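Heads up: the structure comes next, in structure tokens.
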Amino acid sequence: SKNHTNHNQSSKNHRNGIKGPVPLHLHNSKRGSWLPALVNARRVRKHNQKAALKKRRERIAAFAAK
Amino acid sequence: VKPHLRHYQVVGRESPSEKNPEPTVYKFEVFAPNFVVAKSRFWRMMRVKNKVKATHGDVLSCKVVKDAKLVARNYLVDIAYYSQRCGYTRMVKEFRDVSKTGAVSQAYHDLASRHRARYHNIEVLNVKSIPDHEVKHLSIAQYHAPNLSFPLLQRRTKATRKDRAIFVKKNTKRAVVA
Amino acid sequence: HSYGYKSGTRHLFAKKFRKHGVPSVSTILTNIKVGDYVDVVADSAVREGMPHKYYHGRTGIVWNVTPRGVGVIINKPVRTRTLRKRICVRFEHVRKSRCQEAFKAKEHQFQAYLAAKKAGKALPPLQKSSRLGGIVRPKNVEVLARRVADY
Amino acid sequence: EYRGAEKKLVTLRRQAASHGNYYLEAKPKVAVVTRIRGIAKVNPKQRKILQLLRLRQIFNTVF
Amino acid sequence: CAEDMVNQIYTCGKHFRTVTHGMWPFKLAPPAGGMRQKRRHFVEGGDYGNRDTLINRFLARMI
RNA sequence: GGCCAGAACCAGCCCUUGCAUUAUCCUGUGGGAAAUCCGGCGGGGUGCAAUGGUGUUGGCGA
RNA sequence: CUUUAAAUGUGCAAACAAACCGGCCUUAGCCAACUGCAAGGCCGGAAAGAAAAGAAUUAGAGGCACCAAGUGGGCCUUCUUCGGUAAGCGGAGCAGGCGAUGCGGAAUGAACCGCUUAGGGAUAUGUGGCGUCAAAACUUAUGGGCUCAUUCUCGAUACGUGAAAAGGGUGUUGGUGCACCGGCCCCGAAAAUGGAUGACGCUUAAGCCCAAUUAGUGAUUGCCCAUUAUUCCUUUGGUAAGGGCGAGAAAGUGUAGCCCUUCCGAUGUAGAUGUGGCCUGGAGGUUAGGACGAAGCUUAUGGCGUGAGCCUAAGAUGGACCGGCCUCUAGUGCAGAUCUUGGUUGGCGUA
Ligand SMILES: [K+]
Ligand SMILES: [Mg+2]
Ligand SMILES: [Mg+2]
Ligand SMILES: [Mg+2]
Ligand SMILES: [Mg+2]
Ligand SMILES: [Mg+2]
Ligand SMILES: [Mg+2]
Ligand SMILES: [Mg+2]
Ligand SMILES: [Mg+2]
Ligand SMILES: [Mg+2]
Ligand code: NA
Ligand code: NA
Ligand code: NA
């Protein structure tokens, strides 16, 4: 009343194929990594965002003036 | 009928390499149905003896050898075949034909009939024509006597294909049906 | 018969003949950065931070570095799809990988060719295929045949 | 071009044969492949190779 | 033209892949006169395998 | 009656020697009368190419 | 048990969110320090966009979700195997099949061999065959050898269903100055209804092992048979592809398809879905029929549709009601449940 087999399983698995892995640049979360480096990275990202806002404002002013 | 084998000559080599910049060239004689089988037998012999596989080799030429004029000669065929529980066996037989190819085809049919040996288990060592005074068997020696003659008995002579009949008259050549 | 962590590893986790011993100093001095390609090969003589027996021959990429540990991402097929498993091991059980060596050599060679073309030097002549034909002059010729002594 | 190539090969072979050397021919570059068996009881690997070669029916041919 | 296609295929030109990928696979008829044995190699007296330049007579009864 | 037959014509489709290699070859001039056979010298047969239409003549149908 | 160690395997990489080459900005992150290393960005440059060396190929559109069915007794075979004396026995690994599937062959067989399936022609093949049954050598050859078998028994289509040691006849083979060692045949070889190379029969085979294709005459395929291949006609559906807007043309999912051309696929149990798909009783509308005959009933009554079905004809039937189309609605389709009720029936002019 208890039987085990692996007969049809490979065919079933390959019907809709073995899907490949997600590219490494996606779902690239950093949670659980080394905290001392994580904190410094966060500070640098904040500075970068401020810089991007300033750059856009400068672009807008230049286009308007000339 | 004409013989069902041909006489081929295959010349081959191993592809030159750095360890082997000037390889040796070999010459091989084989009786085969066609040149693809000739090449296959060549590469089998090269692998079995010289440790050279077909995948690192070169075939320089394959050509079919012409035969001599039609003359009745005695041929010595040196042959060897394989069968289980007997090992390899080597035998020498004398035939009586008009060409080397004919003698070798006779030998193949004889081996197949008497020992159940097949083409891929037979190997031919030598074939040559010997003079009439070197024959050591009476069954072949009796055909070069100076006063040889015999009648034709038990002849089952049929008709031309266009004249065959199913029913004919009892003491007549008249066809009744067909 | 039992689903233990280290079941059936008698030959897998075992030192080679006359090569027993703890890791060397070059292993200790090797440098691993995030984004490198590494091989995961267990060292039986460490026993701290070993990977599971599934990951003993796999190659992956580094996503995390700690004081004495590495984080590697490794693919694993489970039924109809492939997972991205993240394993934490000590630094003795990983080894830098030469799987991109040929690609990097190709890139360097192309850059060298570009530099030579810009400079104006003469490039080496291109290689010749071995599948062409020509006249063969043989030093030795033999006869290939089965002889009586062969059997 | 075809006639010239054939003639050139003929002269080269004759030149080698007169001196007693051999001529090695250039290896074949093209093959023609045809399928002689039908579609039944084929392993997955060979099935994929035939699909990649574009021989999905019997007596299909490719270069 | 069609002679361009024939030349590329025959000589394995620089556009061999383009010319052959732009074609449908060839669909031929069975060989008139029959085969020999589809279950043996050509060397053994059958049909499958590589038969060198003897494939031309095989195809001349199928095209 | 395009109801049934015969012949004819268009289109399409099925069928129905050349050049390479020619030599372990060809041909004259000690052994077993001659031939088969073995050394000397001289002269030279198989891989590619060449159903659809457009009327016509009878039968049956008053 | 062990260093040595395969064949078949198995992970990763092979230029467009990647990587390369020199400014600059930010962070303490590391270091005694930095312009060194780490990390995130901005700017500028190069780019056989991947050469040559056997240097890929594709009937090669990637990714992401939602809702739900059936199934959860399997079995056979090839190789690998553990238990068991063994087994048409129990347990596993890899793959292919049957289940869910016919068709052409093995005389017969779920699973072997070939081939895999819309409705039909022609041509050619696969497996298997060419003495009759039974299509094909009207018993082919201008091929070579071997074999005689007196009551289940000479042989003679694998899977698979007839046998061992030992011993002898006819054709041959090593050795040599008799021994052995193979081909065919005989002995070894004993059961219960009468019987099985499928049957008859066959021996100058219609048996066995090789080999041919009209025969030493000279290029190429002896011939017979598929739901397969090629080609032609018709249907149906597309992840469909183009064109147009004397009888004819509707800007169009689906029809009696708006019209024309073109290419590819078509089997299927449990199961899913679609259909200007068929049918039955009633309701809101619309259009019609009937005493010059409604519904119902009968059929060698034809016509139409792949089909469910629809329509006409005749009644030497009947005597008062009812059809089509668009919506709405339901007690809406029967061959079988030891189905329910009513009628009939063979056994039977019998016991
Ligand atoms: K079960
Ligand atoms: Mg056949
Ligand atoms: Mg069932
Ligand atoms: Mg089947
Ligand atoms: Mg007949
Ligand atoms: Mg269907
Ligand atoms: Mg169903
Ligand atoms: Mg009701
Ligand atoms: Mg009736
Ligand atoms: Mg009901
Ligand atoms: Na179930
Ligand atoms: Na039979
Ligand atoms: Na009923």
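Simple scheme: letters A, B, ... for chains in structure tokens order, numbers from 1 for residues in each chain, numbers from 1 for ligands in the order shown.
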Please identify the alpha helix (DSSP H) residues within chain B (assignment by DSSP from backbone atoms) and present them as number ranges by chain. B: 35-50, 100-115, 138-141
Write as a PDB file with N, CA, C and O atoms (P, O5', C5', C4', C3', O3' and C1' of nucleotides), in the first residue's frame the residues around ligand 1, taking 7 Å as the cut-off and counting only C-alpha atoms (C1' of nucleotides) and all ligand atoms.
ATOM      1  N   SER A   1       0.820  -1.203   0.000  1.00  0.00           N
ATOM      2  CA  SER A   1       0.000   0.000   0.000  1.00  0.00           C
ATOM      3  C   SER A   1       0.857   1.258   0.000  1.00  0.00           C
ATOM      4  O   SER A   1       0.341   2.373  -0.038  1.00  0.00           O
ATOM      5  N   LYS A   2       2.172   1.078   0.052  1.00  0.00           N
ATOM      6  CA  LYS A   2       3.120   2.186   0.016  1.00  0.00           C
ATOM      7  C   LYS A   2       4.147   1.878  -1.058  1.00  0.00           C
ATOM      8  O   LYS A   2       4.934   0.939  -0.915  1.00  0.00           O
ATOM      9  N   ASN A   3       4.137   2.657  -2.132  1.00  0.00           N
ATOM     10  CA  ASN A   3       5.066   2.447  -3.228  1.00  0.00           C
ATOM     11  C   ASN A   3       5.640   3.784  -3.662  1.00  0.00           C
ATOM     12  O   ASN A   3       5.014   4.830  -3.487  1.00  0.00           O
TER      13      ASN A   3
ATOM     14  P     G G  73      -3.661   5.654  -4.782  1.00  0.00           P
ATOM     15  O5'   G G  73      -4.458   4.856  -5.907  1.00  0.00           O
ATOM     16  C5'   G G  73      -3.814   4.284  -7.039  1.00  0.00           C
ATOM     17  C4'   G G  73      -3.512   2.820  -6.841  1.00  0.00           C
ATOM     18  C3'   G G  73      -2.841   2.129  -8.024  1.00  0.00           C
ATOM     19  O3'   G G  73      -1.926   1.143  -7.542  1.00  0.00           O
ATOM     20  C1'   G G  73      -4.827   1.001  -7.490  1.00  0.00           C
TER      21        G G  73
END
Using backbone DSSP assignments, extract all strand (DSSP E) residues from segment 4-138 of chain C; output them as a PyMOL selection string. chain C and resi 37-40+59-65+69-78+81-90+94-96+134-136
At a cut-off of 10 Å, which residues of chain B touch chain E? Count only C-alpha atoms and give the answer as a PyMOL selection string. chain B and resi 33-41+119-120
Within 12 Å of ligand 9, which residues show up when you count only C-alpha atoms (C1' of nucleotides) and all ligand atoms? List them as a ChimeraX atom specification, please. /G:298-300
Expected file contents, prior selection, N, CA, C and O atoms (P, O5', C5', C4', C3', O3' and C1' of nucleotides), as a PDB file, in the first residue's frame:
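Final output, part.pdb:
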ATOM      1  P     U G 298     -46.410   7.404 -36.434  1.00  0.00           P
ATOM      2  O5'   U G 298     -46.841   6.879 -37.864  1.00  0.00           O
ATOM      3  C5'   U G 298     -47.366   5.575 -38.040  1.00  0.00           C
ATOM      4  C4'   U G 298     -47.699   5.312 -39.484  1.00  0.00           C
ATOM      5  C3'   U G 298     -46.537   5.389 -40.458  1.00  0.00           C
ATOM      6  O3'   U G 298     -45.791   4.188 -40.504  1.00  0.00           O
ATOM      7  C1'   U G 298     -48.375   6.599 -41.314  1.00  0.00           C
ATOM      8  P     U G 299     -44.194   4.214 -40.594  1.00  0.00           P
ATOM      9  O5'   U G 299     -43.899   4.265 -42.150  1.00  0.00           O
ATOM     10  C5'   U G 299     -44.681   3.525 -43.077  1.00  0.00           C
ATOM     11  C4'   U G 299     -44.350   3.901 -44.496  1.00  0.00           C
ATOM     12  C3'   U G 299     -42.858   4.033 -44.793  1.00  0.00           C
ATOM     13  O3'   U G 299     -42.571   3.577 -46.118  1.00  0.00           O
ATOM     14  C1'   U G 299     -43.951   6.068 -45.280  1.00  0.00           C
ATOM     15  P     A G 300     -42.145   2.056 -46.405  1.00  0.00           P
ATOM     16  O5'   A G 300     -41.226   2.124 -47.694  1.00  0.00           O
ATOM     17  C5'   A G 300     -40.014   2.855 -47.697  1.00  0.00           C
ATOM     18  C4'   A G 300     -39.490   3.057 -49.096  1.00  0.00           C
ATOM     19  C3'   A G 300     -40.474   3.590 -50.120  1.00  0.00           C
ATOM     20  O3'   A G 300     -40.641   4.993 -50.054  1.00  0.00           O
ATOM     21  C1'   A G 300     -39.296   1.768 -51.036  1.00  0.00           C
TER      22        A G 300
END
Once you count only C-alpha atoms, which residues of chain B turn out to be within 9 Å of chain D? Could you give them as a PyMOL selection string? chain B and resi 58-61
Go ahead and dump the residues you just picked, C-alpha atoms, as a compact mmCIF listing (two decimals), in the first residue's frame.
# COMPACT_ATOMS: atom_id res chain seq x y z
CA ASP B 58 44.51 10.72 -43.67
CA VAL B 59 43.60 8.66 -46.74
CA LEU B 60 45.96 9.46 -49.59
CA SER B 61 44.36 7.39 -52.36
Extract, using only C-alpha atoms (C1' of nucleotides), all DNA, RNA and protein residues at most 8 Å from residue 38 of chain E, discarding same-chain residues fewer than 3 positions from it, and format them as number ranges by chain. D: 36-37; E: 35, 41, 46-48
Using only C-alpha atoms (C1' of nucleotides) and a distance of at most 12 Å, pull out the residues of chain D that contact chain F, as a PyMOL selection string. chain D and resi 3+6-7+9-11+13-14+17
Write a file of the just-selected residues containing C-alpha atoms, as a PDB file, in the first residue's frame.
ATOM      1  CA  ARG D   3      36.243  24.337 -64.876  1.00  0.00           C
ATOM      2  CA  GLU D   6      38.892  20.973 -61.796  1.00  0.00           C
ATOM      3  CA  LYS D   7      41.753  21.439 -64.263  1.00  0.00           C
ATOM      4  CA  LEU D   9      43.449  19.687 -59.378  1.00  0.00           C
ATOM      5  CA  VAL D  10      44.072  17.398 -62.359  1.00  0.00           C
ATOM      6  CA  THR D  11      47.473  18.944 -63.096  1.00  0.00           C
ATOM      7  CA  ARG D  13      47.674  15.126 -59.142  1.00  0.00           C
ATOM      8  CA  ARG D  14      49.518  14.300 -62.366  1.00  0.00           C
ATOM      9  CA  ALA D  17      52.136  10.921 -59.676  1.00  0.00           C
TER      10      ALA D  17
END
Restrict the distance test to only C-alpha atoms, flag each residue of chain C within 8 Å of chain A, and return the flagged residues as an mmCIF file with N, CA, C and O atoms, in the first residue's frame.
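Final output, saved to iface20.cif:
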data_model
loop_
_atom_site.group_PDB
_atom_site.id
_atom_site.type_symbol
_atom_site.label_atom_id
_atom_site.label_comp_id
_atom_site.auth_asym_id
_atom_site.auth_seq_id
_atom_site.Cartn_x
_atom_site.Cartn_y
_atom_site.Cartn_z
ATOM 1 N N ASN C 64 28.568 38.665 -0.248
ATOM 2 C CA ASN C 64 28.717 39.113 1.126
ATOM 3 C C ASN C 64 30.068 38.664 1.655
ATOM 4 O O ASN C 64 30.484 37.536 1.404
ATOM 5 N N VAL C 65 30.746 39.544 2.385
ATOM 6 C CA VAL C 65 32.022 39.230 3.017
ATOM 7 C C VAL C 65 31.964 39.671 4.471
ATOM 8 O O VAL C 65 31.557 40.798 4.763
ATOM 9 N N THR C 66 32.372 38.789 5.375
ATOM 10 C CA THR C 66 32.397 39.033 6.811
ATOM 11 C C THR C 66 33.823 38.835 7.317
ATOM 12 O O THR C 66 34.713 38.553 6.511
ATOM 13 N N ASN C 75 23.044 28.238 -7.935
ATOM 14 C CA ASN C 75 21.811 27.754 -8.542
ATOM 15 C C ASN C 75 21.512 26.325 -8.115
ATOM 16 O O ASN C 75 22.416 25.505 -7.967
ATOM 17 N N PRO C 77 18.364 23.352 -9.074
ATOM 18 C CA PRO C 77 17.089 23.007 -9.719
ATOM 19 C C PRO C 77 16.178 22.223 -8.785
ATOM 20 O O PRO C 77 16.555 21.173 -8.266
ATOM 21 N N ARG C 79 12.399 20.733 -8.992
ATOM 22 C CA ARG C 79 11.256 20.440 -9.847
ATOM 23 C C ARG C 79 11.331 21.210 -11.159
ATOM 24 O O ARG C 79 12.210 20.952 -11.980
ATOM 25 N N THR C 80 10.427 22.158 -11.366
ATOM 26 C CA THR C 80 10.266 22.812 -12.654
ATOM 27 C C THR C 80 11.024 24.126 -12.785
ATOM 28 O O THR C 80 10.933 24.766 -13.830
ATOM 29 N N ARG C 81 11.774 24.545 -11.771
ATOM 30 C CA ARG C 81 12.468 25.821 -11.836
ATOM 31 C C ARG C 81 13.791 25.730 -11.092
ATOM 32 O O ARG C 81 14.072 24.755 -10.396
ATOM 33 N N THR C 82 14.612 26.762 -11.263
ATOM 34 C CA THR C 82 15.931 26.854 -10.653
ATOM 35 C C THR C 82 15.921 27.934 -9.583
ATOM 36 O O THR C 82 15.529 29.072 -9.850
ATOM 37 N N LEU C 83 16.359 27.580 -8.382
ATOM 38 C CA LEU C 83 16.434 28.514 -7.271
ATOM 39 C C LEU C 83 17.824 29.123 -7.171
ATOM 40 O O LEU C 83 18.792 28.613 -7.724
ATOM 41 N N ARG C 84 17.906 30.238 -6.461
ATOM 42 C CA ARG C 84 19.165 30.911 -6.162
ATOM 43 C C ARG C 84 19.395 30.793 -4.663
ATOM 44 O O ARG C 84 18.828 31.555 -3.880
#
Expected answer as a list in words: residues within 9 Å of ligand 7, only C-alpha atoms (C1' of nucleotides) and all ligand atoms: residues 269, 270 and 271 of chain G
Counting only C-alpha atoms, which residues from chain C have an atom at most 10 Å from any atom of chain D, and could you show them as a PyMOL selection string? chain C and resi 130-138
Return as a list in words every polymer residue, whether protein, DNA or RNA, with at least one atom no more than 10 Å from an atom of ligand 6; count only C-alpha atoms (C1' of nucleotides) and all ligand atoms.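 The residues near ligand 6 are residues 266, 267 and 268 of chain G.
Near chain B, the residues of chain G that fall inside 10 Å (using only C-alpha atoms (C1' of nucleotides)) are residues 138, 140, 141, 142, 143, 144, 145, 146, 171, 172, 173, 174, 181, 182, 183, 184, 204, 208, 209, 210, 211, 212, 215 and 216 of chain G.
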Show which residues sit within 8 Å of segment 13-26 of chain C, as a PDB file with N, CA, C and O atoms (P, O5', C5', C4', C3', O3' and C1' of nucleotides), in the first residue's frame. Count only C-alpha atoms (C1' of nucleotides), and ignore same-chain residues fewer than 2 positions away.
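Result file follows (part-v4.pdb):
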ATOM      1  N   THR C   9      28.968  10.526   3.125  1.00  0.00           N
ATOM      2  CA  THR C   9      30.065  11.408   2.748  1.00  0.00           C
ATOM      3  C   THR C   9      31.422  10.791   3.049  1.00  0.00           C
ATOM      4  O   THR C   9      32.425  11.507   3.106  1.00  0.00           O
ATOM      5  N   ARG C  10      31.474   9.469   3.209  1.00  0.00           N
ATOM      6  CA  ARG C  10      32.708   8.805   3.607  1.00  0.00           C
ATOM      7  C   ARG C  10      33.814   9.016   2.584  1.00  0.00           C
ATOM      8  O   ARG C  10      34.984   9.162   2.948  1.00  0.00           O
ATOM      9  N   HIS C  11      33.473   9.024   1.302  1.00  0.00           N
ATOM     10  CA  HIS C  11      34.464   9.281   0.269  1.00  0.00           C
ATOM     11  C   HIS C  11      34.512  10.737  -0.145  1.00  0.00           C
ATOM     12  O   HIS C  11      35.543  11.198  -0.639  1.00  0.00           O
ATOM     13  N   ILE C  28      45.161  31.563   3.398  1.00  0.00           N
ATOM     14  CA  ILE C  28      44.855  32.613   4.363  1.00  0.00           C
ATOM     15  C   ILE C  28      45.059  33.991   3.751  1.00  0.00           C
ATOM     16  O   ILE C  28      44.336  34.939   4.069  1.00  0.00           O
ATOM     17  N   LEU C  29      46.045  34.131   2.877  1.00  0.00           N
ATOM     18  CA  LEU C  29      46.368  35.429   2.305  1.00  0.00           C
ATOM     19  C   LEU C  29      45.566  35.768   1.056  1.00  0.00           C
ATOM     20  O   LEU C  29      45.666  36.896   0.569  1.00  0.00           O
ATOM     21  N   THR C  30      44.794  34.830   0.514  1.00  0.00           N
ATOM     22  CA  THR C  30      44.001  35.101  -0.679  1.00  0.00           C
ATOM     23  C   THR C  30      42.891  36.108  -0.389  1.00  0.00           C
ATOM     24  O   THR C  30      42.278  36.083   0.679  1.00  0.00           O
ATOM     25  N   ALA C  42      34.827  21.578  -0.100  1.00  0.00           N
ATOM     26  CA  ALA C  42      34.944  21.392   1.336  1.00  0.00           C
ATOM     27  C   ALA C  42      36.343  20.930   1.723  1.00  0.00           C
ATOM     28  O   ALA C  42      36.999  20.180   1.000  1.00  0.00           O
ATOM     29  N   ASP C  43      36.794  21.392   2.886  1.00  0.00           N
ATOM     30  CA  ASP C  43      38.039  20.945   3.496  1.00  0.00           C
ATOM     31  C   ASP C  43      37.698  20.137   4.740  1.00  0.00           C
ATOM     32  O   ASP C  43      37.115  20.670   5.686  1.00  0.00           O
ATOM     33  N   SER C  44      38.057  18.855   4.735  1.00  0.00           N
ATOM     34  CA  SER C  44      37.656  17.978   5.826  1.00  0.00           C
ATOM     35  C   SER C  44      38.345  18.324   7.133  1.00  0.00           C
ATOM     36  O   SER C  44      37.849  17.944   8.196  1.00  0.00           O
ATOM     37  N   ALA C  45      39.459  19.042   7.082  1.00  0.00           N
ATOM     38  CA  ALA C  45      40.282  19.284   8.253  1.00  0.00           C
ATOM     39  C   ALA C  45      39.886  20.531   9.027  1.00  0.00           C
ATOM     40  O   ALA C  45      40.558  20.865  10.005  1.00  0.00           O
ATOM     41  N   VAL C  46      38.832  21.230   8.626  1.00  0.00           N
ATOM     42  CA  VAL C  46      38.413  22.461   9.278  1.00  0.00           C
ATOM     43  C   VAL C  46      37.163  22.250  10.124  1.00  0.00           C
ATOM     44  O   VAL C  46      37.124  22.640  11.291  1.00  0.00           O
ATOM     45  N   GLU C  92      37.990  29.139   4.217  1.00  0.00           N
ATOM     46  CA  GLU C  92      38.852  28.031   3.832  1.00  0.00           C
ATOM     47  C   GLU C  92      38.196  27.087   2.845  1.00  0.00           C
ATOM     48  O   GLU C  92      38.897  26.313   2.191  1.00  0.00           O
TER      49      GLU C  92
ATOM     50  P     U G   3      42.778   5.119  -0.757  1.00  0.00           P
ATOM     51  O5'   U G   3      42.869   4.941  -2.329  1.00  0.00           O
ATOM     52  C5'   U G   3      43.379   5.976  -3.144  1.00  0.00           C
ATOM     53  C4'   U G   3      44.885   5.994  -3.130  1.00  0.00           C
ATOM     54  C3'   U G   3      45.551   6.301  -4.455  1.00  0.00           C
ATOM     55  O3'   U G   3      45.584   7.693  -4.698  1.00  0.00           O
ATOM     56  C1'   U G   3      46.647   4.480  -3.375  1.00  0.00           C
TER      57        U G   3
END
For ligand 12, collect every residue having any atom at a distance of at most 8 Å from a ligand atom (counting only C-alpha atoms (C1' of nucleotides) and all ligand atoms); output as a list in words. residues 107, 157, 197 and 198 of chain G
Write out as number ranges by chain which residues come within 12 Å of segment 39-47 of chain D when counting only C-alpha atoms (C1' of nucleotides), dropping same-chain ones fewer than 2 positions away. A: 10-11, 14-15; D: 35-37, 49-59; G: 78, 94-97, 114-116, 228
